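A.B. asks: sequence first, structure after; it's an experimental one.
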Amino acid sequence: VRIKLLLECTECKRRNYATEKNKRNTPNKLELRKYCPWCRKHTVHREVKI
Amino acid sequence: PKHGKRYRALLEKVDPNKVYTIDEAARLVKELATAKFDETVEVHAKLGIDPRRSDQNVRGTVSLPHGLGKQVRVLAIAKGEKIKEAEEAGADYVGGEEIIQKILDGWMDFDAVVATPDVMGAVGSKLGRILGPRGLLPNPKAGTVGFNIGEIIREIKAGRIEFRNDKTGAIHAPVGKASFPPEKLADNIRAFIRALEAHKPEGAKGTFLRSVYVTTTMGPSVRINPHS
Amino acid sequence: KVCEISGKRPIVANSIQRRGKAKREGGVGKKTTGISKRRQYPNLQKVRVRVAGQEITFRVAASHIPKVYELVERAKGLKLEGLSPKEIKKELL
RNA sequence: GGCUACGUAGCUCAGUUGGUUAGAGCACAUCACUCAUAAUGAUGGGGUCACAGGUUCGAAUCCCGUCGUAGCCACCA
RNA sequence: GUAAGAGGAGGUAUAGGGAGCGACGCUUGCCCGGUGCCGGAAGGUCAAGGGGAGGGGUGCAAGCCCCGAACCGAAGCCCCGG
RNA sequence: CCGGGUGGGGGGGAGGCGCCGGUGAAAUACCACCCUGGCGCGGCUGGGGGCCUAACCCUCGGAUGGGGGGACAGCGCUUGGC
RNA sequence: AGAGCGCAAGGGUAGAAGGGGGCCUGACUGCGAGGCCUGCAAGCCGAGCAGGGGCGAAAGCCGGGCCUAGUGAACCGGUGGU
């Protein structure tokens, strides 16, 4: 169920993804959690859309 | 017998059918100020961002690539350390948490206020009825929150412009002073066009360049072909 | 009926208005897919002028009226006379 | 999902461009009358302006997010 | 009947079409909440159409072509009522 | 706004002011761009009604004409809808 | 070890998988040895390797949570992007 809406953590550097899920019912805002894209290393990873 | 006699001569200088541009406004609006003192260009800048649109207020914050005029003095109410910042700029009476009573209990004489984040709270929670509503206070961008605030003291003394969009977008672009020839006026009003285009909206359909009118103040008007 | 100027007769079946519903765009489609079939009539009218001896009617098509007027102009040069309504009308063109 | 509108006293409600200061109708309440009832009169209790954020020195009065809500449009692998 | 025209009807609302019960003698109560039928110069949505703020491709350029807002639109269903 | 504001006509006659001071968000001489509510005519583009016939519709002893209907209908496409 | 181990049980578990805390954020990238399962199609456990990163002095751990459900082939499209 939503209020926990899902998102695809898009990274900077012009794309590269890892897929997750939020939590609106929790104080969780946007999320720039440290993950590793298809190209490079454990750099950044932010949050976009659904 | 209305706008004076002088602006009936200065009426014999528009013939409600022109544009002038920043060119003829530079030279000719240098002429169209012949009266008193430092009539600041009044670029009357108008668009149509729905006279509130919750957000569309701009703040237009521009260095005026030439110079402002008199002394704002800034003041600052900067919690100790940043007093010292102001203490090297053009800012007098910095008193971190006590000149607040020399603003709330009487004393005045300063613009912008720059302050700092700390005192934003403090000195914005004791001055939100005269300074900020009229045109001073922390206003988290009126050159008034942070330490990017003495550099922006240099901005309040060398070129602020303030855009606030009440009923038109309005803003009264301010230089001219009726003593900066065609030169400085040309390059400065151009700088202002760049300022308008520096603060672009997020869905404002309408004329994002009509009214410019470059009337210094006590003289003509007639736009600038709202661009050049 | 049929235009006495440039022919042009009725039109049927996938002459049409289909309904269809039609595809196009809106999501995966406007309503995507969408498809059916129909029928299409042509125009036809009638105009009466005089010209020459007697009066005359034409089952003229739609946009072909000044063609008929031009036929009037052609008629005036020709030698029209006697009692022969459609017989002369035939000849006109 | 898109376009409209609207929900403020317990029920029922306008007020509608601000800048007001929260009504009207029954409902509750007590005193006045009278043989006493109801008819009556009066003073008060009760509004938390659909919930919340903001433009404004002062939104019920404008901007926005969700609800509730019906209208029809209109969309779905 | 696609029609042309035809019947109706060389009839005219004491006429001609439909439905309902089926002499005559006595009789006909509750509801517009639904639905249909009716009646309506407010209001809602809404088809093509008008429109043109913004916008794209392209060519040096004049330009050609397309996307296309605000606002205007009826029949219809909702809405007021019988 | 029952208080007064607006302006013309004019009697007229040597004069009438903004301010820091004061009050509030905000200061009223003088200048610069527009929103709200309307007046008057313009851009664009529609709503209702009446007057006439020459289109087209009906009828009159052959009607070349009279008459009425009259921009309606009818008709062909295109529109949605029931 | 009958407690607790999110929600059904079964099973297992304190020589932790429970209960508190510091630093983080491996619900990583490129793969894939080989098996369970089974008509297919999916489902399934995953040594070990190369980049890089967290923890811990280190040994060593991290390709989600004690586990057995928390699922939807393919076209048709939608957004970001090469």
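C.D. replies: Yep, that arrived. Residues are numbered from 1 along each chain as shown, chains lettered A, B, ... in the order given.

A.B. asks: tell me which residue is most central in chain B.
C.D. replies: By Cα atoms, centre = their mean, chain B has its centre lying nearest to residue B:161, at 3.2 Å.

A.B. asks: do chain C as well
C.D. replies: Ranked by distance to the mean C-alpha position of chain C (Cα atoms, centre = their mean), the top residue is residue C:61 at 2.7 Å.

A.B. asks: quick one: it is in a helix?
C.D. replies: No - checked against DSSP: H, G, I helix; E, B strand; the rest coil, residue C:61 lies outside a helix; its state is coil.

A.B. asks: chain neighbours aside, what residue packs nearest to it?
C.D. replies: Setting aside the residues directly before and after it, residue C:61 is nearest to residue C:3 in space (Cβ to Cβ, 6 or more residues apart in numbering or on different chains), at 3.4 Å. Placement of C-beta: from N, CA and C, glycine included.

A.B. asks: and for residue B:117?
C.D. replies: Counting by Cβ to Cβ, 6+ apart, residue B:145 is the residue found nearest to residue B:117 once chain neighbours are left out, at 5.8 Å.

A.B. asks: isn't the one you found right up against residue B:115?
C.D. replies: Yes - counting by Cβ atoms under 8 Å, residue B:145 does reach residue B:115; the two are 7.1 Å apart.

A.B. asks: got any residues that touch both of these two?
C.D. replies: Taking Cβ atoms under 8 Å, 6 or more residues apart in numbering or on different chains as the contact criterion, the common neighbours of residue B:145 and residue B:115 are residue B:138.

A.B. asks: neighbour count winner among these two?
C.D. replies: Taking neighbours as other Cβ atoms under 10 Å in any protein chain shown, residue B:145 and residue B:115 compare with residue B:115 leading, 35 against 21.

A.B. asks: and the strands in chain C?
C.D. replies: Applying DSSP state E to chain C gives strands spanning C:11-13, C:38-40, C:47-49, C:56-58.

A.B. asks: okay, those in TSV with distance to residue A:5 and mean neighbour count next?
C.D. replies: Compiled in TSV, the strands of chain C are given as follows (distance: least, Cβ to Cβ, whole Å; neighbours: other Cβ atoms under 10 Å in any protein chain shown):
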stretch	distance to residue A:5	mean neighbour count
strand C:11-13	52	10
strand C:38-40	47	13
strand C:47-49	70	11
strand C:56-58	73	17
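
A.B. asks: distance to RNA strand D for the ones you listed - can I get that in CSV?
C.D. replies: Formatted as CSV, the entries for the strands of chain C read as follows, by distance: least, Cβ to the nearest atom of the strand, whole Å:
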stretch, distance to RNA strand D
strand C:11-13, 26
strand C:38-40, 19
strand C:47-49, 40
strand C:56-58, 43
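
A.B. asks: out of these, nearest to residue B:178?
C.D. replies: If you check each of the strands of chain C against residue B:178 by Cβ to Cβ, strand C:38-40 wins as the nearest, at 75.5 Å.

A.B. asks: for the helix ranked longest in chain B, packing partners?
C.D. replies: Under DSSP state H, the helix in chain B containing the largest number of residues is helix B:181-196. Helix B:181-196 is packed against helix B:21-31, strand B:172-173, with contacts defined by 3 or more Cβ pairs under 8 Å, 6 or more residues apart in numbering or on different chains; DSSP states H and E.
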